[PDB]
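S.K.: Sharing a structure, written as structure tokens. Questions coming.
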Amino acid sequence: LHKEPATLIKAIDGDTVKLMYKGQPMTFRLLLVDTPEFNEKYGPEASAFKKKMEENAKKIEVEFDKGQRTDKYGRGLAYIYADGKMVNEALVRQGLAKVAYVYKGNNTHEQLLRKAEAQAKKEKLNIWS
Ligand SMILES: Cc1cn([C@H]2C[C@H](OP(=O)(O)O)[C@@H](COP(=O)(O)O)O2)c(=O)[nH]c1=O
Ligand SMILES: [Ca+2]
């Protein structure tokens, strides 16, 4: 897998964001995670966390997996990094997302994220409290 550039256009919620990628605006959906919707418990805290991480970053990068790059809604499916730190992992590690939507052939970072979830759970953080 390789990291590619992108620039923040607009925060959306805990697991989607609008980025400019190869010079075109696209909504990206984070691979392998699920955050609570804004109206649900920890939804606003997830959105805030993601928003801050991405807006404060000097450099946003996208990393596609081996399989499908766009979902049925036209959303890019990627791992997103903010100054080299994986946003997908950070949300999970904070108890602000669950590992979810693990489809065969787009699951390179599954076990990394499952490890983060285990530690969040053990700490009783946020959704695991
Ligand atoms: C994260 C992800 C979601 N999706 C689809 C599955 C779900 O379909 P349905 O809309 O039919 O439930 C939906 C979940 O996204 P959200 O959690 O953004 O709603 O997006 C994928 O197809 N591939 C993926 O990797
Ligand atoms: Ca969601």
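Residues in the structure tokens are numbered from 1 in each chain, the chains being A, B, ... in the order shown, and ligands are numbered from 1 in the order shown.
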Taking only C-alpha atoms and all ligand atoms into account, list the residues no farther than 7 Å from ligand 1, as a list in words.
M.R.: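 Checking only C-alpha atoms and all ligand atoms against ligand 1 at 7 Å gives residues 15, 29, 30, 31, 32, 33, 34, 71, 72, 77, 101, 102 and 103 of chain A.
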S.K.: Since we have the selection now, will you write its residues out, keeping C-alpha atoms, as a PDB file, in the first residue's frame?
M.R.:
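Done, and the output landed in part.pdb:
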```pdb
ATOM      1  CA  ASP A  15     -15.851   8.699   9.437  1.00  0.00           C
ATOM      2  CA  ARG A  29     -15.245   7.067   3.924  1.00  0.00           C
ATOM      3  CA  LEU A  30     -12.676   5.599   6.345  1.00  0.00           C
ATOM      4  CA  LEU A  31     -11.988   1.937   5.791  1.00  0.00           C
ATOM      5  CA  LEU A  32     -12.615  -0.644   8.505  1.00  0.00           C
ATOM      6  CA  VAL A  33     -14.367   1.614  11.046  1.00  0.00           C
ATOM      7  CA  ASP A  34     -17.757   2.806  12.148  1.00  0.00           C
ATOM      8  CA  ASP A  71     -18.232   2.388  -2.581  1.00  0.00           C
ATOM      9  CA  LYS A  72     -21.768   2.178  -3.988  1.00  0.00           C
ATOM     10  CA  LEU A  77     -12.572   4.153   0.590  1.00  0.00           C
ATOM     11  CA  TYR A 101     -17.211  -3.217   7.552  1.00  0.00           C
ATOM     12  CA  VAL A 102     -14.319  -5.577   7.143  1.00  0.00           C
ATOM     13  CA  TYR A 103     -14.663  -6.883   3.612  1.00  0.00           C
TER      14      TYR A 103
END
```
S.K.: As a PyMOL selection string, please: the residues near segment 16-21 of chain A (cut-off 12 Å, only C-alpha atoms, same-chain neighbours under 2 positions excluded).
M.R.: chain A and resi 3-14+23-31+33-38+46-48+50-55+59-64+75-80+87-88
S.K.: Please report the interatomic distance between atom CA of residue 49 of chain A and atom CA of residue 91 of chain A in Å with one decimal.
M.R.: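 These two atoms are separated by 7.5 Å.
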S.K.: Run DSSP on the backbone and give me the residues of chain A it puts in strand (DSSP E), as a VMD selection string.
M.R.: chain A and resid 4 to 11 16 to 21 24 to 30 33 to 34 60 to 63 76 to 82 85 to 86 98 to 99
S.K.: Measuring between only C-alpha atoms and all ligand atoms, which one of A:107, A:2, A:96, A:70 shows the shortest distance to ligand 2?
M.R.: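 Ranked by minimum distance to ligand 2, first place goes to A:96.
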S.K.: As a ChimeraX atom specification, list the residues of segment 38-120 of chain A assigned to helix (DSSP H, G or I) by DSSP on the backbone atoms of this structure.
M.R.: /A:43-56,87-93,110-120
S.K.: Rounded to one decimal, what separation in Å do you get between atom CA of residue 106 of chain A and atom CA of residue 69 of chain A?
M.R.: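 Separating atom CA of residue 106 of chain A from atom CA of residue 69 of chain A is a distance of 8.8 Å.
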